Amino acid sequence: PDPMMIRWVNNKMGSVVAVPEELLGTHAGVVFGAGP
Amino acid sequence: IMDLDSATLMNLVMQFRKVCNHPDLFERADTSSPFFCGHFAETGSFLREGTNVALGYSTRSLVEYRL
Amino acid sequence: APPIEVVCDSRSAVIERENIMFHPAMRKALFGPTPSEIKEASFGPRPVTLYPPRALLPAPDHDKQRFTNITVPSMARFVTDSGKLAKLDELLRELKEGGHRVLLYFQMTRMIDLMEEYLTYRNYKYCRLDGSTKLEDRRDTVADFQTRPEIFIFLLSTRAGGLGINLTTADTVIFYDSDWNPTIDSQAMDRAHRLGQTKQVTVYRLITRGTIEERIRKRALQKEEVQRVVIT
Amino acid sequence: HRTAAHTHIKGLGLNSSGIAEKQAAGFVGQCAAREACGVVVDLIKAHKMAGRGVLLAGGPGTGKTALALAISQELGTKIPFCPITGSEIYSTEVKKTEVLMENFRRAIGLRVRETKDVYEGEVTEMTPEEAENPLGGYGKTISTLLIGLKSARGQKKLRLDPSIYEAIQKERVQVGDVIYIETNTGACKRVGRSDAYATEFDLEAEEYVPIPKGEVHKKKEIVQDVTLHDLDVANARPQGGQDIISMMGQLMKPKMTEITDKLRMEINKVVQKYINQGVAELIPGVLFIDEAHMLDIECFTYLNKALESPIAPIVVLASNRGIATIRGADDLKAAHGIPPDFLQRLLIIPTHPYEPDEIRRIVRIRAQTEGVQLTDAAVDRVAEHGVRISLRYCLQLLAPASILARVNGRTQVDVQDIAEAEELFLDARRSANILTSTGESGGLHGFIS
Amino acid sequence: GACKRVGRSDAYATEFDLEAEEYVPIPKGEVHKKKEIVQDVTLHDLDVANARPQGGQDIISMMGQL
Amino acid sequence: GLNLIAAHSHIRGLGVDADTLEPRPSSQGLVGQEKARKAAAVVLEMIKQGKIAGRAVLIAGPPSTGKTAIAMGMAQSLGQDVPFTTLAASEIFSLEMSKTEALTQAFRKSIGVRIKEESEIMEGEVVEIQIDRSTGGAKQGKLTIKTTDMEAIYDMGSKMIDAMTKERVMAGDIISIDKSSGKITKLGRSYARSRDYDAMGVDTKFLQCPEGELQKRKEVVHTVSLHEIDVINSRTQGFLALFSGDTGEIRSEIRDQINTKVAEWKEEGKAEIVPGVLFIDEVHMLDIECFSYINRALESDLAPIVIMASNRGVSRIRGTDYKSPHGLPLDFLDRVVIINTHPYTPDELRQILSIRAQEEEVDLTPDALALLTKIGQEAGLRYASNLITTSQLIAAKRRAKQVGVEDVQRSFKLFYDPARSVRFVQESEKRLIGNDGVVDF
Amino acid sequence: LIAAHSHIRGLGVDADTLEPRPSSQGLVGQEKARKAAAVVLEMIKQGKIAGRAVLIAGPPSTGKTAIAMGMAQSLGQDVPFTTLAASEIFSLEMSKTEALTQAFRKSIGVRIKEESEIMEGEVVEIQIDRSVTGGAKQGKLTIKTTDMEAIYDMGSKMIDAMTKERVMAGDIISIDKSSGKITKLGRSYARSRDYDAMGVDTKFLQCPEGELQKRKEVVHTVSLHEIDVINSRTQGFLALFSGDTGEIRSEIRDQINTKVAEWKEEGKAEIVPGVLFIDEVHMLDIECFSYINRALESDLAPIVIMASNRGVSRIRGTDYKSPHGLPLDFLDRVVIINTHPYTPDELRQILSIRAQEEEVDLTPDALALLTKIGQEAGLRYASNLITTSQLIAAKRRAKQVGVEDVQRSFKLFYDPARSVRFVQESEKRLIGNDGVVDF
Ligand SMILES: Nc1ncnc2c1ncn2[C@@H]1O[C@H](COP(=O)(O)OP(=O)(O)O)[C@@H](O)[C@H]1O
Ligand SMILES: Nc1ncnc2c1ncn2[C@@H]1O[C@H](COP(=O)(O)OP(=O)(O)O)[C@@H](O)[C@H]1O
Ligand SMILES: Nc1ncnc2c1ncn2[C@@H]1O[C@H](COP(=O)(O)OP(=O)(O)O)[C@@H](O)[C@H]1O
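Method of structure determination, per the deposited record: cryo-EM was used for this entry, reaching 4.34 Å resolution.

Put into structure tokens, the structure is as follows:
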């Protein structure tokens, strides 16, 4: 539930990136497929 | 020099003991710094500025040039 | 020293000093952006630039002392500089590898304060017990030790260890000192070597060379000898 | 623990009445020089001195600098003593008179009490409070903070300037770092994570220290030993404070600059203000210029005005030259290389050569100083070399002759070891004789003439 | 387009009581003074002013060495 | 405290009369030299006149005949009003800059501008400070102060409360609020609140309350030379250069414009020009490249009077190869006007040694003074003036009060005068390195 | 490769008696100077005696630099050995005396010992939290050996090293906790079949056993010059490599000497005194000698060994002559070791060593002719003839070199004894101090 930090976690299965909900409306979600 | 400062006899024996233990019990200097040439502002007392105080950048040189 | 300034008694001189000698454009360009500016640049709908695009201060090339001249007494040169403490450092590393929560006993508890600083420094979970702590705190902290298998080193007054305390969970003893009465020393040993003791407890009496604690060791040993021959 | 060329000298070895007793405290003989050096030492330790010239004449190999180390070990630790040479002042950044004045103000010391005002706490809440920032290009600017320091007995919640915030910010102070803000400059050294945040599962290799006991606003006095040249360098290139001149002035490379007359007078007035407040104590010292004949005439011109100052240390010149030509102007010859005008300031101390028994005593002292024991016939052999060849040649035939003794299983040095080391290791005179004799013609087996 | 703040006017002088400005009176002349000035420039000054930035925005020169 | 007894700490002026210019033979330290001191008096009285250019007076004479003494007498007989600048002539050969420009700065350092303008200051003990920082900030506050006479309350602006927490003004400080700028110089601490100061030393000075009114105007008088203004108008913040010598080749148009604005300041009555004195000590250490500039820097309206001292006889000029009197070229000796000195008669030697003895406070028997005069006849003033300081200390060795013959004869025994040192060099040739040879016994 | 002093493998004396062997370890053919240099080497290895001066005088091409390299190979890579030439001191950046002071202080090693903390094990997961458009970073690293399973934290520099190294899940890394370097040792799993830009399959290592936090005691040797440069400048480090050090004031050296003495007493540091070799000292002028004679007066001066070539030469910067070009107030301090010209039965075996080093096979007639040439032109022409005859025998496809190859090389390349005659014959088509003509 962080305001502006984007998590990267890499385990033995794969590696995923979590984005907080509060950043999806911003310009940071254009790569992740949310956008303005 | 004392059989012929801080001359207590048990300063002698038990400070032989202390200097076995650790030398800094006998007085050590605290964390130092280089000498400062300028003019700061000395705090007046401890019992006035209780909790909410504000530091001021009071650093000026004693060397002045008057124009 | 601070740099030399001009004592000119107009308002314009003060404004020019605070616009040249400080000059906030260079300070902003050097240290970085305000967190308010970071928030308005990172919650906006579109990407926007920053006038200090990163913190333009160079990385200092000396890790322990950067951009100042202030000196803290370094931990090796702080409280170490004694052979008793040096061998104690070695054996404490050895008993950390052994996995045994040990002890201290000492006569003058300012040494116990400075050892507290040494052990907080080299990261050892510890507990302290002198006469200065109140009685309920004494029994409760020794209970908290004897219920917890991980806190690693005690601090005790030697002579005030002669209470009815219980130290079965302790398993090793270090005397940092050897003072006069053997029955105090052996009494604290008994406070470790209890009736409920499970394993061999070893005791390390730290000795110097050519110095007065060897004399006190000899005198106490003779008194112990006379004591044991009379009441054996 | 390294035996240098001057290790046996432990002082002048004077009596209570100022009379030099020979073979005492390292020296052998040399009466009229050591009594005059004792007079010079008590001239230094009386503070009625504002520039006096003391010349140490005498040929090479007679102990001119042994007297200088005797003076420097007779004055003590807490009196300044600056030894230089005559070749040291030819620099490439500044004119050489600047280097002379920098040595003159290295040779004057000051003992100052200072009252530092530390704020030694553990940072609890760090929150910036920016101010209004209209359209002026740079953007926002942090102007006020609310850092809360937490000592052991009584916390405090203080408010900061922008500059002390930048001092924090160039130290990377997070929440939990103990610091002590120095409210003389503004500097603030992070010490480490407080032990309330201690965890053995860590990787940053931080230094965990406990909470600083006592009041958070401490105040402590110290004693400092500062020369006047240190104050000159401090006011010349500023490296204290939190402004831009004193921050961009410690990223550049340091250069020796020409500290002018006005700064050297203003720092004199500042030091007089310290002394009149009953804080600082002045202790003048010695400038020992060895090999003064290497100084040219442009330096002996400036030593006149450098010694006419109301504050100037005592100069001790050494010069092993006879009638010679001064380096600057090559058309006036004089004694010692000193010009005939500057020579009148000097209180000239002579130094006389040695005797065939004084050489024996010096050889014995040097052998029992280095740690080489030997027999009396070997001492007579080395003294024979000392009379024939040189003084500081025969002292140097003891260090191979020990090693060669240890080759042959011996402990003491006999006649055979010195008779072999005199053949392996040669002096300058017989080497020049071999040079002139063998080097007859230039060619394949000759010398480049 | 050159501007200088001369001071704070003396009608607003005693607003507070220990403010720190230079209280000067209102000028008792025109507001629009029109005067003409003949003035010389040497070409070397043109050369220096076109080679290196001079005086106005040259704030890094307070270091001094290089 | 920084008043250590030097070789010229006994001269308290030129010592001559200022009404008929008579050199009275013993006053203010300068004793014995008559004609040269009268000529220096004439030069001194035409310096303070101001209605003359930069001219050149050459104090020529033998070694140790009182040339730096006359110059220091003229330095002490002006006060801190007309700028006197010493210049030993080897400070010119620098590497931070050229050599002719280093000479030009030494000419510009000796032409002062003296301007007098007023400030408004406030004395007084602070009775109490209240600051309404309640989250609030530095917005409003009350300052109650007093002198012995006055007492007052002031309200403060925001940019004054930010200077009150900047200097940390307590309840009892003796401050000086300069009203036009806002700086606060604490003159000290008041005695009557000695209990109220805990974070001070055990030994701490305390003042009394200031006497008089609390709001007064000072007529301070500043005096800065033209080199000061030149170095100020050379960089962004360039006055640091004249404290660190890092000034370089200053372009000449700056000096020309400042020579114009000083004249425009003089004609408006805002300023006043004070021509100083430049003392070029040991002027023979200049090459002909210097004299070809001093011949033309002594031509302008703004040029200080140059006083200069030469020892050499017929010697060579540096840079060239041809000899000349006093080490100076003849086209430059046309400019200068020469004052010649003379060696000292023995009674004048005796009373100069008497002044140097009374300056260091050393007691002398008259027999020792006669012996010391006899030594100074044969070895100069400097040797005997050092034998005084040596003989006091040798008398302090054996716990005596007055020096005698038995200590002057020891100081003459240990420390050789330079004549016997020259004899020592001439009689110890083969071991002292002349040019080539070293003989070891 | 094969330089002019690659055959030398030390000084070649005994360890108990230090007698000069007539043929041992390259330095073959001289006995007096090698024995004296063995004595100098032994009093350098003792380390007690400070501030001497050894002057290896003799004719050129007699093996002076060979004796110097023999002492250099005999000390090993422990004691500093500065190979200073006398012309390097004349800088334009710094002064002429301060270059000598740096040349002395480069030859006093300080050997300190410090404890680092190294990790070991298999990375299980990386967890990196990053901001948007500038900001701090957060890091959690789970690492597992066969015994422990730790979840460590990370700062900014550790993440800046992880992303530089690209440490994925399943890597055997070892992190020094003090210095903060990351060296990947290999992997335990295989490469995934899900991503494209992964990398190269590294070495297959198993999971390491033991513990995570292991301690290590490393030994670091720095010269005093490096301590001077790192303590003379606030931020301007790395100037001890790029030579940008202008001047170090004396207040810095008089503090560093005291702190090194304190480090010597505390058992922290150990002072290893070294050798300053000055090749062809006759180029220094008298302003250098007036400082070299007085820098050999303290406890921190290295034992100076230096060479010379000249007879009665004039000292530079002066007007007069002296033996070896050195002043007679400086020649009292020094101790001069002479070297002698060679004999042909020694030149034969020296050329044999030089031939066996450059992998050249010979015939005894060619070696006899080569020795006859080396009698008249020195070793410096004969060794060049060896290499040249090797390549001419390689051109005409011969196994071993012969008399004809040596005669060919002697015909092509003149020795200096014939080039002097070549100058002295045609003096009209060479520019002397005067004009020249063209046919
Ligand atoms: N009186 C003395 N007693 C003992 N050693 C002396 C004496 N005089 C000179 N020496 C020795 O002479 C050597 C060189 O003396 P030094 O002062 O360097 O000569 P110089 O006067 O030429 O500089 C020193 O190593 C010192 O041991
Ligand atoms: N008239 C005088 N009165 C007092 N002292 C004098 C007088 N003339 C010379 N002296 C002393 O003689 C010394 C030499 O004078 P000075 O001018 O320094 O010689 P020089 O002209 O060679 O520099 C000075 O120390 C000064 O104290
Ligand atoms: N005794 C020797 N042993 C081995 N090689 C030698 C010997 N003497 C000379 N040399 C060889 O001759 C060459 C010249 O020696 P070097 O020391 O360079 O002469 P110089 O001292 O004149 O510079 C070197 O390359 C070396 O390999």
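Text resumes after the structure shown.
**Student:** What is the right way to look at the interface of chain D and chain F in this model?
**Tutor:** You'll often see interface size given as the accessible area lost when the parts meet. The interface is formed by 78 residues belonging to chain D together with 65 residues belonging to chain F. Across the chain D-chain F interface, the total number found is 6 salt bridges. Here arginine 318 of chain F ties to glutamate 298 of chain D by a salt bridge, and the two come within 2.5 Å at their closest N and O atoms. Counting across the interface, chain D meets chain F through 23 residue pairs in polar contact. Put simply, the parts of the chain that give the side of chain D that touches chain F at least two residues each are α1 (31-44), α6 (261-276), α7 (297-307), β15 (323-325), β17 (346-349) and α9 (376-388) of chain D. Here the side of chain D that touches chain F gets 8 residues from one element, more than from any other, and that element is α1 of chain D. Here the residues of the side of chain D that touches chain F are counted per class, giving 35 nonpolar, 24 polar and 19 charged.

**Student:** Sorry, what's going on with unusual backbone geometry here?
**Tutor:** The phi torsion of most residues other than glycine is negative, and most of the peptide bonds are trans. For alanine 205 of chain D, which is not a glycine, the phi torsion comes out positive at approximately 55 degrees. Counting through the fold element by element, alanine 205 of chain D comes out in the loop between β10 (188-193) and β11 (220-227). For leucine 21 of chain F, which is not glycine, the phi torsion reads 55 degrees and is therefore positive. Considering the arrangement of structural elements, one finds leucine 21 of chain F in the segment before β1 (26-27).

**Student:** Any chance you could explain the packing of aromatic side chains here in plain terms?
**Tutor:** Two aromatic rings, taken as a pair, are described by how far apart their centres are and by the angle between their planes. Within the structure shown, the criterion is met by 18 aromatic pairs over all chains. Judged by centre distance (6.2 Å) and plane angle (85 degrees), the ring pair of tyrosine 57 of chain B and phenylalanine 22 of chain C falls under edge-to-face. Here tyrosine 57 of chain B, found in the loop between α1 (9-21) and β1 (64-66), pairs with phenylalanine 22 of chain C, found in the loop between α1 (11-20) and α2 (24-31), and the two come from separate chains. Side by side, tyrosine 57 of chain B and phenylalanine 22 of chain C carry an identical accessibility label, which is buried. Each ring, one from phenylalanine 300 of chain D and one from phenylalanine 342 of chain D, has its centre 5.4 Å from the other, and the planes form 50 degrees; the classification is tilted. With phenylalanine 300 of chain D in helix α7 and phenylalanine 342 of chain D in the loop between β16 (333-335) and β17, this residue pair connects regions lying 42 residues apart in the sequence.

**Student:** Would you explain the pairing of strand β5 (residues 111-121) of chain F in this entry?
**Tutor:** Moving residue by residue along a regular strand, the side chains alternate between the two faces of the sheet. Residue and element names in this part refer to chain F. Relative to strand β12 (residues 273-275), β5 is paired through 3 bridges, and the arrangement is antiparallel. Bridge pairing in β12 places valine 113 opposite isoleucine 273. Summarising the sheet, β5 and strand β11 (residues 216-225) pair through 10 bridges and their orientation is antiparallel. Bridged to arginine 114 within β11 is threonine 223.

**Student:** How should I be thinking about the sheet that holds strand β14 (residues 314-318) of chain D in this particular structure?
**Tutor:** What holds strands together in a sheet is hydrogen bonding between their backbones, with the strands either parallel or antiparallel. Residue and element names in this part refer to chain D. Within the open sheet, the 5 strands sit side by side as β2-β13-β14-β1-β17. Their pairing is parallel. Looking at strand neighbours, the two that pair on one side only are β2 (81-84) and β17, the edges of this open sheet. Between one strand axis and the next, the sheet turns through 20 degrees on average, direction left out of account. Across 4 bridges, the pairing between β2 and strand β13 (residues 286-289) is parallel. When the bridges of β13 are listed, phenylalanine 81 appears paired with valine 286.

**Student:** How do you make sense of the UniProt feature "binding site: ADP 2" (unreviewed entry) in chain F when you look at a structure like this?
**Tutor:** Residue and element names in this part refer to chain F. Mapped onto this numbering, the UniProt entry gives "binding site: ADP 2" (unreviewed entry) at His8, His10, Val31, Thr65, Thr68 and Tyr344. Apart from residues no more than four positions distant in its own chain, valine 31 is found in contact with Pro25, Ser26, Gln351 and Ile352. Within the secondary structure, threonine 68 sits in helix α2 (residues 68-76).

**Student:** How should empty space enclosed by the protein be read in this particular structure?
**Tutor:** Computed from the structure, the largest cavity encloses a volume of approximately 660 Å³. Along the walls of the largest cavity sit 37 residues, with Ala5, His6, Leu391, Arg392 and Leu395 of chain D positioned nearest its centre. Taken together, the elements giving at least two residues each to the lining of the largest cavity come down to α2 (65-75), α8 (358-370) and α10 (391-394) of chain D together with α7 (286-295) of chain G. Per-element accounting of the lining of the largest cavity gives the leading share, 3 residues, to α8 of chain D. When the residues that make up the lining of the largest cavity are grouped by side-chain class, the tally is 15 nonpolar, 12 polar and 10 charged.

**Student:** When you look at the nonpolar core in this model, what are you seeing that I'm missing?
**Tutor:** Side chains of nonpolar character tend, in soluble globular proteins, to be buried together. Among the nonpolar cores identified, the biggest contains 43 residues, and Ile44, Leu67, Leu75, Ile314 and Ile349 of chain D together with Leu372 and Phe415 of chain F are the most heavily contacted of them. It is helix α11 (residues 366-397) of chain F that provides the largest number of residues to this core, a total of 11 residues. Among residues more than four places away in sequence, those in contact with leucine 67 of chain D are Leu12, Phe27, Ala33, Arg34, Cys37 and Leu56 of chain D. Membership of the second largest hydrophobic core comes to 38 residues, among which are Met62 of chain E together with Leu2, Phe239 and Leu242 of chain F.

**Student:** I keep staring at the side chain of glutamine 396 of chain D and nothing clicks. Help me out?
**Tutor:** Assignment of secondary structure puts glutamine 396 of chain D in the loop between α10 and α11 (399-407). Filtering out sequence-adjacent residues up to four positions away, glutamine 396 of chain D remains in contact with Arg52, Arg333, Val334 and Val335 of chain G.

**Student:** Is there a simple way to explain the sheet that holds strand β3 (residues 108-116) of chain D in this structure?
**Tutor:** Residues and elements named next belong to chain D. The sheet built from 3 strands is open, its strands ordered β11-β3-β12 with antiparallel pairing. The sheet is open, and its two borders are formed by β11 and β12 (281-284), each paired with just one other strand. For this sheet the average axis-to-axis angle between neighbouring strands, irrespective of direction, equals 25 degrees. Running at roughly 95 degrees to β11, helix α5 (residues 228-236) makes contact with β3 and β11 of the sheet.

**Student:** What is the right way to read the interface of chain C and chain F from this model?
**Tutor:** Across the boundary between the two partners, chain C contributes 10 residues, which contact 12 residues of chain F. Note on chain C versus chain F: buried area summed over both sides is about 930 Å², and carbon and sulfur give 58% of it. In terms of surface lost to chain F, no three residues of chain C exceed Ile4, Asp9 and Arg11 of chain C, which account for 55% of the buried area on that side. Here chain C is connected to chain F by 0 salt bridges. For the side of chain C that touches chain F, the elements supplying multiple residues, two or more each, are β1 (5-7) and α1 of chain C. Of the residues belonging to the side of chain C that touches chain F, the class tally is 5 nonpolar, 1 polar and 4 charged.

Parameters at a glance
Residues numbered from 1 in each chain as written, not as in the entry; some residues may be left out. Chains lettered and ligands numbered in written order. Part of a larger assembly, values for the part shown. Heavy atoms only, no water. Contact = heavy atoms within 4.5 Å. Salt bridge = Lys/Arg side-chain N within 4 Å of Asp/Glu carboxyl O. Polar contact = N/O pair within 3.5 Å; in protein donor to acceptor, adjacent residues only side chain to side chain. Helix = DSSP H or I, 4+ residues; strand = E, 2+ residues; numbered from the N terminus. Nonpolar A, V, L, I, M, F, W, Y, C, P; charged D, E, K, R; others polar. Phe/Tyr/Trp six-rings, centres within 6.5 Å; stacked < 30°, edge-to-face > 60°. Buried < 20%, exposed > 50% of the residue type's maximum accessible area, 1.4 Å probe, protein only. Pairing = 2+ DSSP bridges. Axes fitted to C-alpha atoms, helices over the stretch in contact; angles between N-to-C directions. UniProt positions renumbered as here; feature names shortened; annotations may be inferred. 1 Å grid on protein atoms, 1.4 Å probe; cavity = no way out; pocket = protein on both sides within 12 Å on 5 of 7 lines; lining within 4 Å. Points joined across faces, edges and corners; volume = space filled by probe spheres on them. Core = buried A, V, L, I, M, F, W, Y, C linked by side-chain atoms within 4.5 Å. Buried area = accessible area lost by both parts, 1.4 Å probe.

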